[PDB]
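Residue numbers (the deposited numbering): 239 to 334, 337 to 391, 393 to 468. For each residue, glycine too, the CB sits at the ideal point set by N, CA and C. Here the structure is laid out as structure tokens; the discussion comes afterwards.
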Ligand SMILES: Cc1ccc(S(=O)(=O)O)cc1
Ligand SMILES: Cc1ccc(S(=O)(=O)O)cc1
């Protein structure tokens with residue numbers, strides 16, 4: 239649809255473009271809200287708004303309302319990688337309590353795995369799963385005990402994280418500055434300092450695009466000291 243092409247263009251734009259794409263799709267919800275191809279794009283635009291927003295209650299609102307649109311997209315059919323991908327993203331943005341993070345983390349893993357199964361050549365899903373695995377490996381003993389009681394035990398590993406981050410790089414070299422810092426962290430945590438230094442050098446080559454890109458520059462400067 240022309241509308242959905244315009245929304246795609248605006249999602250790929252600057253901050254002003256992403257805000258316009260959000261309002262463009264909201265303005266069209268009455269007419270197009272029964273269509274899965276519209277719903278996941280509206281969810282995506284909520285996710286854009288959540289990322290661009292600083293004020294905490296406003297950021298939360300975008301993630302909550304976006305997640306409901308992504309759920310409506312998934313009710314239309316289970317075979318859309320885009321539906322599962324953006325549901326996972328919003329799941330993670332909303333989950334930014338331990339009980340709620342655990343249930344969100346279980347849902348995140350199911351949907352990112354389905355996105356990868358449906359569309360394995362999409363680098364973003366692999367990056368998302370790498371970061372999930374890194375976070376799960378880094379849970380405290382108590383947080384793991386709490387997750388095992390609430391859910393199967395969690396057992397994702399630094400190697401699982403590394404393999405997913407490297408798959409994003411293989412599909413799209415330079416996909417993510419944060420991803421390169423996470424690869425370097427993973428190698429250091431494995432005791433592979435030569436590889437960690439290689440990826441630290443490559444991480445320094447990429448620009449910042451996300452809030453996390455800017456935040457993880459702290460971790461990258463700490464690696465330059467550690468290594
Ligand atoms: C396409 C488009 C451009 C601008 C806006 S507005 O920001 O709400 O006025 C909405 C939609
Ligand atoms: C399964 C699971 C549980 C908890 C987290 S957390 O968001 O890093 O706390 C992520 C994933």
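For a test of the three-state rule: what should DSSP assign to residue i, helix, strand or coil?
i	result
residue 339	helix
residue 269	helix
residue 254	helix
residue 239	coil
residue 302	helix
residue 295	helix
residue 354	helix
residue 449	coil
residue 402	helix
residue 345	helix
residue 395	coil
residue 316	coil
residue 359	coil
Taking the alpha helix (DSSP H) that residue i belongs to, which residues open and close that run?
i	result
residue 387	381-390
residue 434	434-444
residue 377	363-377
residue 458	452-467
residue 331	319-333
residue 285	274-290
Please tell me whether, using a cut-off of 6 Å, the distance from the CB of residue i to the nearest non-hydrogen atom of ligand 1 is below it.
i	result
residue 261	yes
residue 313	no
residue 453	no
residue 258	yes
Less than 6 Å separating the Cβ of residue i from some heavy atom of ligand 2?
i	result
residue 370	no
residue 251	no
residue 327	no
residue 356	no
residue 399	no
residue 352	no
residue 392	This model leaves out residue 392; its place in the chain lies between 391 and 393, and no residues are given there.
residue 376	yes
Item checked: Minimum length 4: unbroken alpha helix (DSSP H) runs contained in the stretch 405-432 -> 418-431
Notebook entry, point to check: Using 8 Å as the threshold, is the stretch 367-387 in touch with the stretch 405-423, meaning 3 or more CB pairs across them?
Noted result: yes
Check: Do the stretch 357-364 and the stretch 372-381 touch if we need at least three Cβ pairs shorter than 8 Å?
Finding: Counting Cβ pairs under 8 Å, fewer than three are found: no touch.
Next item on the list: Check whether the stretch 292-299 touches the stretch 262-272, taking contact to mean three or more Cβ pairs, one atom from each stretch, closer than 8 Å.
Entry: no
Notebook entry, point to check: Counting Cβ pairs, one atom from each stretch, are 3 or more of them under 8 Å apart for the stretch 416-432 and the stretch 454-466?
Noted result: yes
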